[PDB]
Amino acid sequence: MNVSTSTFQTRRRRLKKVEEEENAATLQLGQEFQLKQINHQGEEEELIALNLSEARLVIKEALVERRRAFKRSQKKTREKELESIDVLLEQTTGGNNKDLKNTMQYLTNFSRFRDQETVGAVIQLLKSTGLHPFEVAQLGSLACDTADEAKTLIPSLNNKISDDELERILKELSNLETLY
Amino acid sequence: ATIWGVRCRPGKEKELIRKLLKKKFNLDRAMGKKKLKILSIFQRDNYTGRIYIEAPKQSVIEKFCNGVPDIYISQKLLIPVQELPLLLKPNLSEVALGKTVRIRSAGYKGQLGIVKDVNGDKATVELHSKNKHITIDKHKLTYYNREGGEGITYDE
Amino acid sequence: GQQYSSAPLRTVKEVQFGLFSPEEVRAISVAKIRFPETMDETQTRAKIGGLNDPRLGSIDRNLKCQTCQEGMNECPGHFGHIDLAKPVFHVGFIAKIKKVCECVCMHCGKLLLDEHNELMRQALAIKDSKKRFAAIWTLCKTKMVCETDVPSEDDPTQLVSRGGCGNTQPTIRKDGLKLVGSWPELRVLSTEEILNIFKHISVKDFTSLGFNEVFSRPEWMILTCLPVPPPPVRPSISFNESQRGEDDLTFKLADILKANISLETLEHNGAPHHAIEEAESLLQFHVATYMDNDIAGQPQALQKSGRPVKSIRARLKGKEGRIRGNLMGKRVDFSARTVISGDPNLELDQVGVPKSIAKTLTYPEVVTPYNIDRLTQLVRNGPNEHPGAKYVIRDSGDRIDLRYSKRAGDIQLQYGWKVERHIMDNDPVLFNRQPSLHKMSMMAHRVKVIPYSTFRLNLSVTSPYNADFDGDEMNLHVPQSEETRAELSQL
Amino acid sequence: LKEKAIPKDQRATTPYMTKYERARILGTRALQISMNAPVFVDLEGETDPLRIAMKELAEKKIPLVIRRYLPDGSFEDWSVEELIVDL
Amino acid sequence: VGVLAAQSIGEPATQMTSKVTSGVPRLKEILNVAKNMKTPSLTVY
Amino acid sequence: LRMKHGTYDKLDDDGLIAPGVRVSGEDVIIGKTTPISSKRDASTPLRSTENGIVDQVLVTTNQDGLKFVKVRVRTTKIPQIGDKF
Amino acid sequence: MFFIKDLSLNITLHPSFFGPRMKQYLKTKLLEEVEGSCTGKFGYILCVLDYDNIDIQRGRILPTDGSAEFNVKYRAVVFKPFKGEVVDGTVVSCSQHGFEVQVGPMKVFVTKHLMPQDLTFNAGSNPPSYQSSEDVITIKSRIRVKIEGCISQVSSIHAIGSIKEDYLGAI
Amino acid sequence: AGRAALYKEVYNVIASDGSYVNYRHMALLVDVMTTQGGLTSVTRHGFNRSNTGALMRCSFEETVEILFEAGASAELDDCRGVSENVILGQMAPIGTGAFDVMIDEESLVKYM
Amino acid sequence: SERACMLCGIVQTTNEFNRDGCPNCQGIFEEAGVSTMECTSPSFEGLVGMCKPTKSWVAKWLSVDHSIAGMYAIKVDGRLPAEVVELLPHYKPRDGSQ
Amino acid sequence: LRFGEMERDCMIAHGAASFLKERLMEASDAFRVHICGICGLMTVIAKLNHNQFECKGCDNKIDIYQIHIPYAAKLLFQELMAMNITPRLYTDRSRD
RNA sequence: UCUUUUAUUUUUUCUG
Ligand SMILES: [Mg+2]
Ligand SMILES: [Zn+2]
Ligand SMILES: [Zn+2]
Ligand SMILES: [Zn+2]
Ligand SMILES: [Zn+2]
């Protein structure tokens, strides 16, 4: 259709007809959304996922150093943050691209953690649990109260964790929720 | 069971069976007590290019089909007994263009020619004595009527 | 063609080979061809469902393909498909089908041998597919029976069940276009039975043989769904304005489709099993002459005029074929030929060019601020003088011809445009003697405009070209790009 | 896979510009100068793109790099000014 | 170099004019490894 | 309809060029129309690489009664350099 | 669900554009080409990361044309919805046939054949709304939906949602 | 010994008429003819039966037969051949296509 | 002009029917009181050039062995009248029906 | 003029690859054809006016690439595909 | 305000 974005896994797709594994939330991901992934220098690594709070923080950073790049190129509570991030995007992008604006609005009316230190603590804790990046991103993203409830939201997570430990991580996350 | 299928040219199964059968009455009238061993002859509209004759021996069929044009007697096959009930089952289915002109200060002076194409400010003319096209301004050339005679400049 | 497209610009770097599957043909075809009539019926050219169906591609200048809506200049042609009522062998793979059949069991679809046999393991060990296939064929020719059990390596007396049926194998032979098995119970093997065994052959069974499951599976060897080429593969000829002749390939497709219609109707109606046989033989003959018109020991198919029909091997094999004739070498624009003359007053690296050839050929140069004044002078001079131009290419691609444009003074040149200026002095141009028997017989010279009608070349150069001035002819090829003038100059 | 790339060290190829190379760099730069790329040397009344590219190569001021593909799919990047063009 | 050698060996063949066969037929015979030989010879010192 | 690039002014009312008039390049010499059920010309232009004088023209009727024409064109060839002797 | 991922793009740059501003011009073109695009194969490319550290390697020069193709390597957060996932979103519009739920950058459509019986549309409300015996659904309300199917278009993705299982509803 | 004897015979053929051709052309000829196990003839049954590119093989005499064989065997051609790149219409790796030219980003920015 | 009988299948000119009627079925037609025009039809397919009634096994199938050597069509379209169908119980339809 | 096999051969000997390209592609015949990643056939319904590219059978709409090849090569490949040979054009080097 | 045609194949003849 248009100029697309290439891929690094040198796929063996030599005339094999449409045989992609069915798109599902039971770890039956696509051919390119696999646990293993090739880095920029050519080393195999585990997929890295992140929560909504991470999404807001990394987007905020990326915007920031983009502004600092624009600047050196030219050399030679719940409302103030919204307004600052809005004017940040407006001065960054031309304005025609409304998709980034919509994503801004969604991520800024929905996310649990506002602090980088809380974010790092949660990432370390999810590392200690050692579950799938998709799983831990979902757990840090959605709100849960009870073990059976969380099993219902993620039926794939049947034989992956004990009920006691799921309750433990859940109450720990509940304490780590910030009150805006 | 001795029913043999024979190739022949398509579109004339009707006429070939007609010629065979008329010939057969002629023969049977001609001969005496001994009369030739051909039992039946037929064909199908669906299966063109072929006839089917039931007779006991190859030389009898050959002797019978001598004198018949267009029949390919050289291709015959003995139809196996099993294929016959199915075969015989009853139910199957500007004013300066193109004008004569002379040049009057150039190396080609006195050359008649014919205007072919004009590109603006300059006209192309084919020399009437030589095989060449030459480009030269029209205001500087003299135009004549179809026939030789009175001459006028570029003012028509 | 010549238009903007938003897809990435790309160069190919491999060519995979294989066979079409019938399902692939059915899925890739745009239309089904069922009516033998090509066109002219009821004075309509769009014969829907027949040969030269518009969905297969534009037949003439209409700006309407019904598939891509891009016209003949851009349409790459789209195939139809015709599903034969019975399968028919491929001419190119008659020997291959015989080879596989004698390699494999004709009832259970298994190789006559297995890795239990030492010679078989050695044959399979060969990495290269062709020699491997040859080894298995040479080994399985000797075997003429399916052993349900084979002696074991640990104990010769002990017999291990290899599997498969116990039917004795037949001797296969080639009679005309069909295969005949002698078991003797001599009988022609039905192509349907052959295709049955070929599908029943297992994945490992042909992976060991020179075949790939994904690319060329052995049942794909047999035609079940003939793909009908698009109109550009079979363009029609015009004897006169009213008399139009369909291409040889189109005629053969029409004949095949008539044969298929007759065969399927005869299947639907009563099947005497010998009328079916003769119809199948005629269909196979028609396919075979359509795709290969040089079968040894067989009458050759004649056209209406009594001459051989120009088939696929006929068009792809000879020196005038598609590879040797139309791809290895092929006709060229921006080139001239004429008689050569000797001119000792010309430099070694320099060749005189006739003025007429100079005014004919052009080299397109892009506009720059360095040569804007020069190109303005040339566009003012026009095609009609030697220093000038014949066309100007605008940025949008709209090309204006100066002969047909009267406003040449008004046309103002802009950067990024391209002017097809004529070849001037000192332009590198390749110069070729026709029996080009060696490298030095093709070299680039510097153009010298000279009014006369022969290629004047300095006369020490006649030795590499092996040229006289006794009527010999030589070619001049004008490079069309600065890249190419550069490589011509320094190589 | 970037392992096929050979670093600047260990390069086992000729430091001298091949004639085919010099042909391509002169052609490429002549084409770019024709299509209005910037000029890196003083224009001393030279209008021919090929000759401007000649002068640029002589001054060793062409911002181009030859990826010099080895037979196995490996490669070596050679900077054009780093190449010694003597012929 | 392969094409260069091919042309360099093909060019003399065109201009080719006690016995042993030589010339274009001999060059063809060398190129075409032939089991049978017109003029076999064995030089034993 | 489709006419040729040749100049049609030289052709006479009968559609046939008379001798003594130059014909050059793609100039038409025989004016043809091929009606079928708008005039749809089918003339025969002169050769692009040929120039000369129409020397003779003959009109007859073939055995079928159809009109037949034969047009002879004359030119002078002076030796040039490329000429072979 | 917002995965950071490895992407790369081919950018073809015409010879006139070679110059000192090679970096920033290609930077801007890359941002225009990537921002706002959507593909079914990859999902939804929301924002390219580490702008200042994107490596523009040695770009090829095409043979026929001086145009240079640069393969830029970069990191970018990509989003793709999956069948069978619980997500919360805000209703943007309502109708008798559906009410459209905004989930991240894209919208989820829910059909009445997969809704509880108690929920009933009323056309007497301005804007039109759906009422139940324990909750009221309106445009300006957050609602939890269960994505079961996804269909990809030329420049968008659409998701099919339902609410039958526990804890799926409006908060 | 076969290779060197065949070189000697070719050299005798070239020198019989007095023509002198450089050694390495003959050397490369004999080496291609002997690069496999035995003496691969320059014929239909010789080099054209090798495992080179299928399109290159059909560029020789037996075109359609080889193409049928390649389709049957699902042969993959790497497009490193002169005939392949000629047929498909790319700049073949002949003398200048063996490499590609690349913009020098760092030097361009540094000189400015 | 050609017409085909619907009972015995004898095919011949409508003229020769008008002169001599049906030679094989004359008795049955007279007994049933039906003219040959109605019991013949013009539509027929599958001719038979018929020679040996007593010896042709094709004739044994087609029920012509009791007729004279002649001109017989395997199909003759139409339904035979009841006033002869009842009186010839051994007859079967010649169109392949029944 | 017919750039014969001999002429091509002398150009190979010379090494002027860009010339041999420009002679056999730009001068003689150049056609852009669209192909898809999966099967790599010239049966892509490419409606360039609407910028929509289709390949029935493989169902893809994204992995579409344009390639410039000679009309002679295009027509040979069509001919072979009629001939049940697959001149299948691909991108990823797998054997390396 | 441009566009705008020159059938195909089988044979023969010679040219280098
Ligand atoms: Mg001579
Ligand atoms: Zn189309
Ligand atoms: Zn068996
Ligand atoms: Zn009767
Ligand atoms: Zn596809």
# chains A, B, ... in the order shown; residues from 1 in each chain; ligands from 1
>>> residues_near_ligand(ligand="ligand 3", cutoff="9 Å", atoms="only C-alpha atoms (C1' of nucleotides) and all ligand atoms", output="MDAnalysis selection string")
chainID C and resid 104:112 145:148 163:169
>>> residues_near_ligand(ligand="ligand 1", cutoff="6 Å", atoms="only C-alpha atoms (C1' of nucleotides) and all ligand atoms", output="list in words")
residues 467, 468, 469, 470 and 472 of chain C; 16 of chain K
>>> write_last_selection(atoms="N, CA, C and O atoms (P, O5', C5', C4', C3', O3' and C1' of nucleotides)", output="PDB file, in the first residue's frame")
ATOM      1  N   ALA C 467      37.923  -4.280 -39.246  1.00  0.00           N
ATOM      2  CA  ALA C 467      37.035  -3.575 -40.156  1.00  0.00           C
ATOM      3  C   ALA C 467      37.784  -3.120 -41.399  1.00  0.00           C
ATOM      4  O   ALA C 467      38.955  -2.736 -41.338  1.00  0.00           O
ATOM      5  N   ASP C 468      37.086  -3.173 -42.531  1.00  0.00           N
ATOM      6  CA  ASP C 468      37.529  -2.623 -43.795  1.00  0.00           C
ATOM      7  C   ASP C 468      36.656  -1.403 -44.095  1.00  0.00           C
ATOM      8  O   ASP C 468      35.869  -0.967 -43.244  1.00  0.00           O
ATOM      9  N   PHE C 469      36.794  -0.853 -45.294  1.00  0.00           N
ATOM     10  CA  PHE C 469      35.871   0.146 -45.823  1.00  0.00           C
ATOM     11  C   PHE C 469      35.298  -0.344 -47.140  1.00  0.00           C
ATOM     12  O   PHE C 469      35.118   0.406 -48.099  1.00  0.00           O
ATOM     13  N   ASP C 470      34.990  -1.640 -47.172  1.00  0.00           N
ATOM     14  CA  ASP C 470      34.416  -2.310 -48.330  1.00  0.00           C
ATOM     15  C   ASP C 470      32.925  -2.557 -48.137  1.00  0.00           C
ATOM     16  O   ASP C 470      32.411  -3.617 -48.496  1.00  0.00           O
ATOM     17  N   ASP C 472      31.435  -2.281 -44.973  1.00  0.00           N
ATOM     18  CA  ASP C 472      31.128  -2.717 -43.619  1.00  0.00           C
ATOM     19  C   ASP C 472      30.257  -1.684 -42.921  1.00  0.00           C
ATOM     20  O   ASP C 472      30.298  -0.490 -43.228  1.00  0.00           O
TER      21      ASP C 472
ATOM     22  P     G K  16      30.132  -7.737 -49.221  1.00  0.00           P
ATOM     23  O5'   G K  16      30.834  -8.040 -47.826  1.00  0.00           O
ATOM     24  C5'   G K  16      31.664  -7.068 -47.210  1.00  0.00           C
ATOM     25  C4'   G K  16      31.189  -6.719 -45.823  1.00  0.00           C
ATOM     26  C3'   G K  16      31.892  -7.423 -44.676  1.00  0.00           C
ATOM     27  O3'   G K  16      33.161  -6.869 -44.376  1.00  0.00           O
ATOM     28  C1'   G K  16      29.571  -7.493 -44.315  1.00  0.00           C
TER      29        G K  16
END
>>> residues_near_ligand(ligand="ligand 5", cutoff="9 Å", atoms="only C-alpha atoms (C1' of nucleotides) and all ligand atoms", output="PyMOL selection string")
(chain A and resi 15+17) or (chain C and resi 28) or (chain J and resi 35-41+43-44+54-60+63-64)
>>> write_last_selection(atoms="C-alpha atoms", output="mmCIF file, in the first residue's frame")
data_model
loop_
_atom_site.group_PDB
_atom_site.id
_atom_site.type_symbol
_atom_site.label_atom_id
_atom_site.label_comp_id
_atom_site.auth_asym_id
_atom_site.auth_seq_id
_atom_site.Cartn_x
_atom_site.Cartn_y
_atom_site.Cartn_z
ATOM 1 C CA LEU A 15 5.350 -19.734 -0.247
ATOM 2 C CA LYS A 17 0.123 -20.014 2.742
ATOM 3 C CA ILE C 28 -5.108 -16.488 -8.086
ATOM 4 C CA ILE J 35 4.365 -8.358 -6.552
ATOM 5 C CA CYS J 36 3.556 -9.520 -3.028
ATOM 6 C CA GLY J 37 5.794 -11.002 -0.367
ATOM 7 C CA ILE J 38 4.048 -14.339 0.087
ATOM 8 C CA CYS J 39 3.925 -15.785 -3.439
ATOM 9 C CA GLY J 40 5.822 -13.104 -5.375
ATOM 10 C CA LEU J 41 3.732 -13.261 -8.558
ATOM 11 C CA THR J 43 -0.949 -11.100 -10.317
ATOM 12 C CA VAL J 44 -1.383 -8.150 -7.960
ATOM 13 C CA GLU J 54 -4.525 -6.766 -3.687
ATOM 14 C CA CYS J 55 -3.292 -10.340 -3.939
ATOM 15 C CA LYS J 56 -6.083 -12.907 -3.897
ATOM 16 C CA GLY J 57 -5.073 -16.282 -2.471
ATOM 17 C CA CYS J 58 -2.515 -14.897 -0.003
ATOM 18 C CA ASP J 59 -4.986 -12.275 1.314
ATOM 19 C CA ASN J 60 -2.235 -9.715 2.021
ATOM 20 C CA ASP J 63 3.802 -6.533 1.822
ATOM 21 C CA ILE J 64 3.476 -5.238 -1.744
#
>>> select_by_dssp(residues="segment 1-169 of chain G", states="helix (DSSP H, G or I)", output="NGL selection string")
:G and (15-17 or 22-34 or 51-53 or 112-114)
>>> write_last_selection(atoms="N, CA, C and O atoms", output="PDB file, in the first residue's frame")
ATOM      1  N   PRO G  15      18.584  13.433  -4.711  1.00  0.00           N
ATOM      2  CA  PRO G  15      19.928  14.030  -4.573  1.00  0.00           C
ATOM      3  C   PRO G  15      19.992  15.498  -4.183  1.00  0.00           C
ATOM      4  O   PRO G  15      20.914  15.889  -3.457  1.00  0.00           O
ATOM      5  N   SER G  16      19.059  16.324  -4.653  1.00  0.00           N
ATOM      6  CA  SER G  16      19.040  17.743  -4.312  1.00  0.00           C
ATOM      7  C   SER G  16      19.026  17.955  -2.802  1.00  0.00           C
ATOM      8  O   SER G  16      19.519  18.974  -2.307  1.00  0.00           O
ATOM      9  N   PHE G  17      18.463  16.998  -2.064  1.00  0.00           N
ATOM     10  CA  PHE G  17      18.325  17.139  -0.623  1.00  0.00           C
ATOM     11  C   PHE G  17      19.593  16.768   0.144  1.00  0.00           C
ATOM     12  O   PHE G  17      19.631  16.973   1.363  1.00  0.00           O
ATOM     13  N   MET G  22      20.882  17.291   6.060  1.00  0.00           N
ATOM     14  CA  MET G  22      20.543  15.890   5.849  1.00  0.00           C
ATOM     15  C   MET G  22      19.895  15.274   7.075  1.00  0.00           C
ATOM     16  O   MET G  22      18.920  14.527   6.939  1.00  0.00           O
ATOM     17  N   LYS G  23      20.420  15.557   8.264  1.00  0.00           N
ATOM     18  CA  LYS G  23      19.892  14.919   9.459  1.00  0.00           C
ATOM     19  C   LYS G  23      18.469  15.381   9.731  1.00  0.00           C
ATOM     20  O   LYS G  23      17.537  14.576   9.679  1.00  0.00           O
ATOM     21  N   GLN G  24      18.284  16.682   9.968  1.00  0.00           N
ATOM     22  CA  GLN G  24      16.980  17.181  10.401  1.00  0.00           C
ATOM     23  C   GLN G  24      15.904  16.967   9.345  1.00  0.00           C
ATOM     24  O   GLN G  24      14.744  16.701   9.692  1.00  0.00           O
ATOM     25  N   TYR G  25      16.244  17.085   8.057  1.00  0.00           N
ATOM     26  CA  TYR G  25      15.215  16.894   7.037  1.00  0.00           C
ATOM     27  C   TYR G  25      14.702  15.457   7.048  1.00  0.00           C
ATOM     28  O   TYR G  25      13.485  15.213   7.027  1.00  0.00           O
ATOM     29  N   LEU G  26      15.619  14.489   7.111  1.00  0.00           N
ATOM     30  CA  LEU G  26      15.215  13.090   7.196  1.00  0.00           C
ATOM     31  C   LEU G  26      14.473  12.824   8.498  1.00  0.00           C
ATOM     32  O   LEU G  26      13.548  12.006   8.536  1.00  0.00           O
ATOM     33  N   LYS G  27      14.880  13.494   9.582  1.00  0.00           N
ATOM     34  CA  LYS G  27      14.198  13.327  10.862  1.00  0.00           C
ATOM     35  C   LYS G  27      12.731  13.698  10.718  1.00  0.00           C
ATOM     36  O   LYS G  27      11.835  12.923  11.080  1.00  0.00           O
ATOM     37  N   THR G  28      12.480  14.890  10.169  1.00  0.00           N
ATOM     38  CA  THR G  28      11.112  15.363  10.004  1.00  0.00           C
ATOM     39  C   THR G  28      10.320  14.438   9.093  1.00  0.00           C
ATOM     40  O   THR G  28       9.168  14.101   9.396  1.00  0.00           O
ATOM     41  N   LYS G  29      10.921  14.000   7.981  1.00  0.00           N
ATOM     42  CA  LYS G  29      10.198  13.098   7.088  1.00  0.00           C
ATOM     43  C   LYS G  29       9.834  11.798   7.793  1.00  0.00           C
ATOM     44  O   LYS G  29       8.720  11.289   7.628  1.00  0.00           O
ATOM     45  N   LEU G  30      10.754  11.253   8.593  1.00  0.00           N
ATOM     46  CA  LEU G  30      10.460  10.024   9.321  1.00  0.00           C
ATOM     47  C   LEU G  30       9.298  10.234  10.283  1.00  0.00           C
ATOM     48  O   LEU G  30       8.401   9.386  10.386  1.00  0.00           O
ATOM     49  N   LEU G  31       9.298  11.360  11.002  1.00  0.00           N
ATOM     50  CA  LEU G  31       8.207  11.614  11.942  1.00  0.00           C
ATOM     51  C   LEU G  31       6.865  11.724  11.225  1.00  0.00           C
ATOM     52  O   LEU G  31       5.863  11.170  11.694  1.00  0.00           O
ATOM     53  N   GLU G  32       6.819  12.418  10.083  1.00  0.00           N
ATOM     54  CA  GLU G  32       5.564  12.459   9.328  1.00  0.00           C
ATOM     55  C   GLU G  32       5.145  11.069   8.862  1.00  0.00           C
ATOM     56  O   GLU G  32       3.959  10.722   8.922  1.00  0.00           O
ATOM     57  N   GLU G  33       6.094  10.256   8.395  1.00  0.00           N
ATOM     58  CA  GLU G  33       5.714   8.954   7.852  1.00  0.00           C
ATOM     59  C   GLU G  33       5.253   7.983   8.933  1.00  0.00           C
ATOM     60  O   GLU G  33       4.404   7.128   8.659  1.00  0.00           O
ATOM     61  N   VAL G  34       5.781   8.090  10.155  1.00  0.00           N
ATOM     62  CA  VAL G  34       5.443   7.139  11.207  1.00  0.00           C
ATOM     63  C   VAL G  34       4.275   7.607  12.072  1.00  0.00           C
ATOM     64  O   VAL G  34       3.430   6.781  12.441  1.00  0.00           O
ATOM     65  N   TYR G  51      14.383   9.622  19.892  1.00  0.00           N
ATOM     66  CA  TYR G  51      14.534  10.429  18.686  1.00  0.00           C
ATOM     67  C   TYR G  51      15.981  10.867  18.482  1.00  0.00           C
ATOM     68  O   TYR G  51      16.532  10.749  17.384  1.00  0.00           O
ATOM     69  N   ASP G  52      16.611  11.385  19.537  1.00  0.00           N
ATOM     70  CA  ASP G  52      17.962  11.916  19.409  1.00  0.00           C
ATOM     71  C   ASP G  52      19.011  10.841  19.152  1.00  0.00           C
ATOM     72  O   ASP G  52      20.112  11.181  18.705  1.00  0.00           O
ATOM     73  N   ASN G  53      18.702   9.566  19.409  1.00  0.00           N
ATOM     74  CA  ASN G  53      19.663   8.476  19.262  1.00  0.00           C
ATOM     75  C   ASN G  53      19.307   7.520  18.129  1.00  0.00           C
ATOM     76  O   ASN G  53      19.901   6.439  18.040  1.00  0.00           O
ATOM     77  N   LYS G 112     -26.018  -5.563  20.840  1.00  0.00           N
ATOM     78  CA  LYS G 112     -27.036  -5.899  21.838  1.00  0.00           C
ATOM     79  C   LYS G 112     -27.245  -7.399  22.004  1.00  0.00           C
ATOM     80  O   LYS G 112     -27.696  -7.840  23.067  1.00  0.00           O
ATOM     81  N   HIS G 113     -26.937  -8.203  20.989  1.00  0.00           N
ATOM     82  CA  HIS G 113     -27.081  -9.647  21.139  1.00  0.00           C
ATOM     83  C   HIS G 113     -26.104 -10.242  22.147  1.00  0.00           C
ATOM     84  O   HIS G 113     -26.285 -11.400  22.541  1.00  0.00           O
ATOM     85  N   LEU G 114     -25.085  -9.488  22.569  1.00  0.00           N
ATOM     86  CA  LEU G 114     -24.124  -9.926  23.575  1.00  0.00           C
ATOM     87  C   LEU G 114     -24.229  -9.118  24.869  1.00  0.00           C
ATOM     88  O   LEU G 114     -23.323  -9.182  25.706  1.00  0.00           O
TER      89      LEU G 114
END
>>> interface_residues(of="chain G", to="chain C", cutoff="12 Å", atoms="only C-alpha atoms", output="list in words")
residues 9, 10, 11, 12, 14, 15, 16, 62, 63, 64, 65, 66, 67, 68 and 69 of chain G
>>> write_last_selection(atoms="N, CA and C atoms", output="PDB file, in the first residue's frame")
ATOM      1  N   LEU G   9      12.675   1.634   9.002  1.00  0.00           N
ATOM      2  CA  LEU G   9      11.999   2.190   7.840  1.00  0.00           C
ATOM      3  C   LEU G   9      13.004   2.575   6.767  1.00  0.00           C
ATOM      4  N   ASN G  10      12.595   2.390   5.515  1.00  0.00           N
ATOM      5  CA  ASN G  10      13.370   2.813   4.360  1.00  0.00           C
ATOM      6  C   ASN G  10      12.865   4.172   3.899  1.00  0.00           C
ATOM      7  N   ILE G  11      13.763   5.153   3.848  1.00  0.00           N
ATOM      8  CA  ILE G  11      13.437   6.496   3.375  1.00  0.00           C
ATOM      9  C   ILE G  11      14.300   6.798   2.158  1.00  0.00           C
ATOM     10  N   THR G  12      13.650   7.165   1.055  1.00  0.00           N
ATOM     11  CA  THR G  12      14.328   7.481  -0.195  1.00  0.00           C
ATOM     12  C   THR G  12      14.417   8.997  -0.326  1.00  0.00           C
ATOM     13  N   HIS G  14      15.963  12.348  -2.441  1.00  0.00           N
ATOM     14  CA  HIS G  14      16.390  12.748  -3.774  1.00  0.00           C
ATOM     15  C   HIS G  14      17.720  13.505  -3.679  1.00  0.00           C
ATOM     16  N   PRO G  15      18.584  13.433  -4.711  1.00  0.00           N
ATOM     17  CA  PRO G  15      19.928  14.030  -4.573  1.00  0.00           C
ATOM     18  C   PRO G  15      19.992  15.498  -4.183  1.00  0.00           C
ATOM     19  N   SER G  16      19.059  16.324  -4.653  1.00  0.00           N
ATOM     20  CA  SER G  16      19.040  17.743  -4.312  1.00  0.00           C
ATOM     21  C   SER G  16      19.026  17.955  -2.802  1.00  0.00           C
ATOM     22  N   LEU G  62      20.889   4.431  -5.006  1.00  0.00           N
ATOM     23  CA  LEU G  62      20.277   3.527  -5.966  1.00  0.00           C
ATOM     24  C   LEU G  62      21.071   3.532  -7.275  1.00  0.00           C
ATOM     25  N   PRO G  63      21.060   2.423  -8.024  1.00  0.00           N
ATOM     26  CA  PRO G  63      21.891   2.378  -9.243  1.00  0.00           C
ATOM     27  C   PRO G  63      21.431   3.340 -10.325  1.00  0.00           C
ATOM     28  N   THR G  64      20.160   3.257 -10.730  1.00  0.00           N
ATOM     29  CA  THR G  64      19.686   4.068 -11.846  1.00  0.00           C
ATOM     30  C   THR G  64      19.589   5.539 -11.465  1.00  0.00           C
ATOM     31  N   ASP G  65      19.160   5.823 -10.237  1.00  0.00           N
ATOM     32  CA  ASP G  65      18.925   7.181  -9.770  1.00  0.00           C
ATOM     33  C   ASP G  65      19.805   7.470  -8.566  1.00  0.00           C
ATOM     34  N   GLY G  66      20.212   8.735  -8.450  1.00  0.00           N
ATOM     35  CA  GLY G  66      21.038   9.154  -7.335  1.00  0.00           C
ATOM     36  C   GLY G  66      20.324   9.133  -6.004  1.00  0.00           C
ATOM     37  N   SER G  67      19.002   8.959  -6.013  1.00  0.00           N
ATOM     38  CA  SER G  67      18.217   8.853  -4.795  1.00  0.00           C
ATOM     39  C   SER G  67      18.832   7.837  -3.844  1.00  0.00           C
ATOM     40  N   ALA G  68      18.903   8.217  -2.573  1.00  0.00           N
ATOM     41  CA  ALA G  68      19.564   7.429  -1.546  1.00  0.00           C
ATOM     42  C   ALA G  68      18.522   6.824  -0.617  1.00  0.00           C
ATOM     43  N   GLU G  69      18.580   5.506  -0.460  1.00  0.00           N
ATOM     44  CA  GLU G  69      17.693   4.781   0.440  1.00  0.00           C
ATOM     45  C   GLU G  69      18.421   4.556   1.760  1.00  0.00           C
TER      46      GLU G  69
END
>>> residues_near_ligand(ligand="ligand 4", cutoff="9 Å", atoms="only C-alpha atoms (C1' of nucleotides) and all ligand atoms", output="PyMOL selection string")
chain I and resi 4-11+21-26+28-29+36+39-40
>>> residues_around(residues="segment 28-38 of chain F", least_positions_apart="5", cutoff="8 Å", atoms="only C-alpha atoms (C1' of nucleotides)", output="list in words")
residues 1, 4, 6, 7, 8, 11, 15, 16, 17, 23, 43, 44, 45, 46 and 71 of chain F
>>> residues_around(residues="segment 82-97 of chain B", least_positions_apart="6", cutoff="6 Å", atoms="only C-alpha atoms (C1' of nucleotides)", output="list in words")
residues 115 of chain B; 269, 270 and 272 of chain C; 96 of chain I
>>> interface_residues(of="chain E", to="chain H", cutoff="8 Å", atoms="only C-alpha atoms", output="list in words")
residues 1, 2, 4, 5, 6, 8, 9, 12, 13, 16, 17, 22, 23, 26, 27, 30, 31, 32 and 33 of chain E
